[PDB]
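Single chain ahead, written as structure tokens, the form solved without its partner chain.
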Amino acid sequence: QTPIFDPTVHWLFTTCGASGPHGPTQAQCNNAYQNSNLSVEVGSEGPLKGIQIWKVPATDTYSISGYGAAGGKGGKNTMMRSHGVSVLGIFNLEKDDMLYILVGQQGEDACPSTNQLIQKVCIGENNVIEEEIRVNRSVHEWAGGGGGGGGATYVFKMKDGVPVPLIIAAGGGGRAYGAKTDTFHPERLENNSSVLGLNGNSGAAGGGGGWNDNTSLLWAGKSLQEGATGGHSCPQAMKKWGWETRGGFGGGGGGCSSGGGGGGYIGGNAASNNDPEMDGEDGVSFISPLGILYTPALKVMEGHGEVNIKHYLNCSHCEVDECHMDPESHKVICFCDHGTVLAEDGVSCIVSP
């Protein structure tokens, strides 16, 4: 269809079959991308633990669609999880640059559970937690039942020892034990790199992980540069009956009786107290001014999350492809052939001297 670059070229970075707070292994990703056009190295160690590493084969324009993961379900099965946010932008990728793609994974669900007492709470036979809510208007002892927030997807590269974020798609927040929202949190999108990507507010439930921060709370979702491993349940949930509902990989915040905050460039706020009806807030996404925003941040991801990097060249006079991209003004020239630049007059591409 297109003479120059073929828009059928697409790599699909998935969770490699993995789910919960721990990132994919090398063996999982080798089976996942078995006989595909995609080949990656998964980090076993450091902040790169669970992060897939893909090399750009040649300097060319590729559109990166990141899909952050959905939050976990709470102690109420009727309540729908907050679906993960996607960011579609068209970027110029440089030869030999290693792109680090962390696919954010769905947050762990609270109900059903293998524990006897907790399973009665999950089927609604035993509302011992509602009994505590009645006397205190908050949960202090019977903590648990909030699903951990969904982990965000971080797609970046390394340049001169500095990680440069390209596409970060936010994860949706987990549902509380007393999950009572009918409206999910509007898709949050950043496009300015000067805005520090810190974690979300963490109270009793853990807030989402950001780009870079220092997580002190065991239940709070860790940032990208801390490995972005999803935070644990609140200490009371872990103590009482061991109800561990961690956030998903990619900065998923941990669940208490309140829902965990979803990951992002900036993490999503979880509840300030252990209010069992405070559902976790979604994270903030990101897109670098290095690329052209194809479409605003959109909730599309139902569960585990993913990334699709494809060749899409969006030109008003050639919309799927069939044009070249001038990186400096971030403008596409639909006339430019091999070894030509547009004329300085605004008239057609002449042979570049």
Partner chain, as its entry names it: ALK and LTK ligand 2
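Residue numbers count along the first chain shown, from 1.
The same protein has a further form, the form solved in complex with its partner chain, not shown here; the description that follows concerns it.
Query - Contact segment among 159-167, 268-276, 81-89, 194-202, judged by heavy atoms lying within 4.5 Å of its partner chain in the entry with it bound - result: The contacting stretch here is 81-89.
Report task. Check whether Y67 has any heavy atom within 4.5 Å of a heavy atom of its partner chain in the entry with it bound, and answer yes or no. Result -> Contact check for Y67: yes, within 4.5 Å of its partner chain in the entry with it bound.
Query - in the entry with it bound, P296 touching its partner chain (heavy atom, 4.5 Å) - result: It does: once its partner chain is placed as it appears in the entry with it bound, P296 has a heavy atom within 4.5 Å of it.
Query raised in the report: Should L342 be counted as a contact of its partner chain in the entry with it bound, where contact means heavy atoms within 4.5 Å?
Result: No - in the entry with it bound, heavy atoms of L342 and its partner chain never come within 4.5 Å of each other.
Requested in this report: Check whether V40 has any heavy atom within 4.5 Å of a heavy atom of its partner chain in the entry with it bound, and answer yes or no.
Outcome: No, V40 stays farther than 4.5 Å from its partner chain in the entry with it bound.
Query raised in the report: Considering only 291-328, what residues come within 4.5 Å of its partner chain in the entry with it bound, judged by heavy atoms?
Result: The stretch touches the partner through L293, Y294, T295, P296, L298, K299, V300, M301, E302, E306, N308, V320, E322, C323, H324, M325.
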